[PDB]
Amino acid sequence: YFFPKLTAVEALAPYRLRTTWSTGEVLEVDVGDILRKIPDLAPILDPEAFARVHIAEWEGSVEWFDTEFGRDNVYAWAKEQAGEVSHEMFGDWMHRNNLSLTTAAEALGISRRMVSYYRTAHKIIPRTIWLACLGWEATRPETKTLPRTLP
């Protein structure tokens, strides 16, 4: 799952969006690259159709014609474009290392609850935690204790 709720979206100058969330966050995000990448999204490149952006009823997604972008993906891209670590980066770290909430928690030295919060975007990911994720990847396998230097 994904914790934040989208409460507003507004089109700026193509192809930038302003998104407002239940967390009180107001985040901007450029969706130009994805609209140019995916052929099916071509009608949205027309500046009059782009301006038509709204929240979809059922799904809480960013929509022009039909639920184009899940709110979770939009939230991650905004974090990433802003130079922060997104819940998707954290999820990718877990998936590529075949970690559960439990083994991720043990990997990082934090609680299971905290791992869940990071993966669900319930809590923003500190720089410290992402450095730890990479540090953990750089020190595999699990030795008896952590090394004094990088291998």
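Numbers for residues come from their place in the sequence shown, where the first is 1.
- When the C-alpha B-factors of 46-54 and 66-74 are averaged, 46-54 comes out higher.
- The question of which stretch, 115-123 or 56-64, has the higher mean Cα B factor is settled in favour of 56-64.
- Among the modelled residues of its chain, residue 136 has a C-alpha B-factor that falls in the middle third, as given in the PDB entry.
- When the CA B factors of the chain's modelled residues are split into thirds, the value for residue 17 lands in the middle one.
- Split the chain's modelled residues into thirds by C-alpha temperature factor. Residue 97 is in the highest one.
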